[PDB]
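With the input below, show me the fold.
(one chain, ligands or ions: 1)
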Amino acid sequence: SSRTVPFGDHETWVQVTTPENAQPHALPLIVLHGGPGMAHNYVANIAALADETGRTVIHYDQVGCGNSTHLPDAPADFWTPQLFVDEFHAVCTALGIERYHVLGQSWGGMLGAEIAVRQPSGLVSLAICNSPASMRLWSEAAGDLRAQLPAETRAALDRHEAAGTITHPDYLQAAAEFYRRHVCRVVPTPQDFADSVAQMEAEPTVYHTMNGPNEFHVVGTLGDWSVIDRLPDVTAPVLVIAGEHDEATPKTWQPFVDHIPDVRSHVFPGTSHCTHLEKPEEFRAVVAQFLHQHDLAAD
Ligand SMILES: [Mg+2]
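Residues are numbered from 1 along each chain as shown. The protein structure is shown below:
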């Protein structure tokens, strides 16, 4: 079931998946999508956790994308981590959720960290899935992964970027290969992922503004982003998930494991950025162990 909830003057669309056999003290899980502006669709399958673990799972579309209010006329400086933090708490309040687990994927994990560093009273645990701790590290990682590509594929990327011919078929092929190795290794791209991308391309305000149109580097308003100096303030337990071949390489998420006081990590072999799509059952099994551990602690 689904509805909109108020966030200021806007409407945030939420979806609630209830478990078939609700377990005692299994606290609700709020799933944060990435992009930004990608909508919930690509992380829809994480709702399987409701039946698998006996808890309620909540998805929503962050304001400005998907099924929520579109604001193409907002000034560019409207779109900030603080806005989405405020929205998050507005969703929890309207649904009457006091104590909760958060799982965020890509930008969703960045947003998860922004939520956590602020020490909200209701946060029981956070799962950061496939996320960098700074854009600086994210960019360094892109260069490292390009250095690891076959020489032919790297040459096409380097050569066409240098010339500006970034719609040449060689570049398009080489960029798609990078995507298939490091973003989503399932071919064809899962329809849930395609659906996120389609809605974003139809109305790309949030994604274009915050991430930007550049294939490999963030040139949008997130270009300078970092949460590293606030990570010592996280009081919630944190699980850091990444893929073996993730564009979120180990150096990108190292600050989370180095600076968050209560933290552990899990790296999935044979997966990349969209682990939840590439090995859905394995991904959810690891998440389920973490959620359960902290259900018990909260109780
Ligand atoms: Mg404008």
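
C-alpha only now, for contacts and for neighbours.
Fine.

For whichever strand or helix holds residue 207, list the C-alpha coordinates in CSV.
Using DSSP states H and E, residue 207 sits within helix 205-210. Only the C-alpha atoms of helix 205-210 are listed here, as CSV (Å, rounded to 0.1, in the frame of the first residue of the first chain):
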residue,chain,number,x,y,z
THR,A,205,15.8,18.3,-12.2
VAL,A,206,17.3,16.6,-9.2
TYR,A,207,19.8,14.4,-10.8
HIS,A,208,21.1,17.0,-13.2
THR,A,209,21.4,19.6,-10.5
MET,A,210,23.0,17.5,-7.7
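
Flag every buried residue along the very next helix or strand once past it.
Once helix 205-210 ends, the next helix or strand along the chain (criterion: DSSP H and E) is strand 238-243. For strand 238-243, the neighbour count (16 or more other Cα atoms under 10 Å) marks 238, 239, 240, 241, 242, 243 as buried.

Show me what whichever helix in the chain runs longest is packed against.
Scanning the chain for the helix with the most residues, using DSSP state H, yields helix 280-298. Counting contacts by 3 or more Cα pairs under 8 Å, 6 or more residues apart in numbering; DSSP states H and E, helix 280-298 packs against helix 49-53, strand 123-129, helix 275-278.

thinking again about what came up before, out of the buried residues of strand 238-243, the closest to residue 11 would be?
residue 238 (29.7 Å; Cα to Cα).

OK, contacts around residue 262?
235, 236, 237, 238 (Cα atoms under 8 Å, 6 or more residues apart in numbering).

neighbour-wise, which of those leads?
residue 238 (26 neighbours; other Cα atoms under 10 Å).

hang on, that residue packs against residue 258?
No. Checked against Cα atoms under 8 Å, the pair residue 238 and residue 258 is beyond contact range at 11.8 Å.

returning to what we had before: can you add distance to residue 182 and give the helices and strands packed on helix 280-298 back as TSV?
TSV is the format used below for those (distance: least, Cα to Cα, whole Å):
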stretch	distance to residue 182
helix 49-53	25
strand 123-129	14
helix 275-278	10
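
I'm done for today, thanks for sticking with me.
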